[PDB]
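Structural characterization, general
Here are the chains, one letter per residue:
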Amino acid sequence: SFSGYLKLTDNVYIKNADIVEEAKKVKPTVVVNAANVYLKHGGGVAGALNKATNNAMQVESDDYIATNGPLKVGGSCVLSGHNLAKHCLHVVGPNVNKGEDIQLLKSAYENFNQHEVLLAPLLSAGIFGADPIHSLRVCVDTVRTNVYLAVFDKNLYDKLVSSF
Ligand SMILES: CC(C)C(=O)NCc1nc2ccccc2[nH]1
């Protein structure tokens with residue numbers, strides 16, 4: 001079960017943690033992946049989660065895309081959590097580094113409301129280029145279900161908590 005999290009709101013918790021190590025420890029019902037529309041888990045959170053599954057996440061994802069086509073920015077799909085969780089909710093936040101509308105970040109977080117409890121990264125943060133302080137703000141103002149945020153960088157985690 002989730003431990004060592006700092007409570008930010010009624011339903012939002014945060015921890016300086018590697019989401020892969022956190023998923024391996026917690027084995028949550030849902031781990032959120034910071035996905036792209038093609039489910040190409042190359043780097044960032046997606047690359048790390050996929051590597052932890054021995055590429056099984058990518059094999060499953062390629063079958064999903066072959067059948068369904070790409071996701072929408074702001075959208076999601078539920079796939080297996082493999083060895084990390086029961087399910088992985090692949091959520092596509094806007095990639096500011098590809099010029100995508102930051103306004104889609106709230107739509108991306110709305111996917112979390114379909115799950116009672118989730119282990120997640122900050123959407124659109126990291127290699128997706130958005131301000132993580134903004135991402136946390138949208139998370140707290142959009143997600144109503146119980147979200148346990150894992151923030152990999154200690155320095156960013158401290159900035160997020162101290163500026164909340
Ligand atoms: C499991 C450990 C050894 C690992 O794969 N580290 C690499 C790594 N990169 C990350 C990016 C975002 C979030 C978590 C990330 N982890």
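Placed above this text is the structure.
Procedures and definitions
- Residues numbered from 1 in each chain as written, not as in the entry; some residues may be left out.
- Heavy atoms only, no water.
- Helix = DSSP H or I, 4+ residues; strand = E, 2+ residues; numbered from the N terminus.
- Expected span 1.5 Å × (residues − 1).
- Buried < 20%, exposed > 50% of the residue type's maximum accessible area, 1.4 Å probe, protein only.
- Arc of directions from axis to C-beta.
- Near = heavy atom within 4 Å.
- Polar contact = N/O pair within 3.5 Å; in protein donor to acceptor, adjacent residues only side chain to side chain.
- Areas by Shrake-Rupley, 256 points an atom, 1.4 Å probe, with all protein chains shown as cover.
- Salt bridge = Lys/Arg side-chain N within 4 Å of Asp/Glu carboxyl O.

The next subject is helix α3 (residues 56–68). Spanning 13 residues, α3 covers 18 Å between terminal C-alpha atoms, matching the ideal 18 Å at 1.5 Å per step. Restricting attention to buried positions, one finds in α3 the residues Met-57, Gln-58, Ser-61 and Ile-65. The buried side chains of α3 occupy one side of the element, clustering within an arc of 90° when seen end-on. Residues of α3 that are exposed and point over 90 degrees away from its buried face: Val-59, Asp-63, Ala-66 and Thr-67. Positioned one or two residues after α3, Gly-69 has a phi angle of 80°, which is positive.

Every residue close to the ligand is listed here: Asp-18, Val-20, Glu-21, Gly-44, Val-45 and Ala-48. Within the side chain of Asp-18, a nitrogen or oxygen atom sits 3.5 Å from a nitrogen atom of the ligand. Relative to its free-state accessible area of 410 Å², the ligand is covered by the protein chains to the extent of 62%. Of all the secondary structure elements, the ones that give two or more residues to the shell around the ligand are α1 (19–26) and α2 (44–52).

A few words now on the pattern of salt bridges. The final tally for this structure, using the stated rule, is four salt bridges. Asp-62 is the salt-bridge partner of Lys-40, the closest N and O atoms lying 2.8 Å from each other. Linking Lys-40 in the loop between β3 (30–34) and α2 with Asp-62 in helix α3, this pair joins segments that are 22 residues apart in sequence. On the basis of relative accessibility, which here comes to 45%, the residue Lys-40 falls in the partly exposed class. On the accessibility criterion, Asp-62 (32% relative accessible area) is partly exposed. Between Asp-141 and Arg-137 there is a salt bridge, with the nearest N and O atoms lying 2.8 Å from each other. Linking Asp-141 with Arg-137, this pair stays in helix α5 (residues 132–142), spanning four residues, or about one helical turn.

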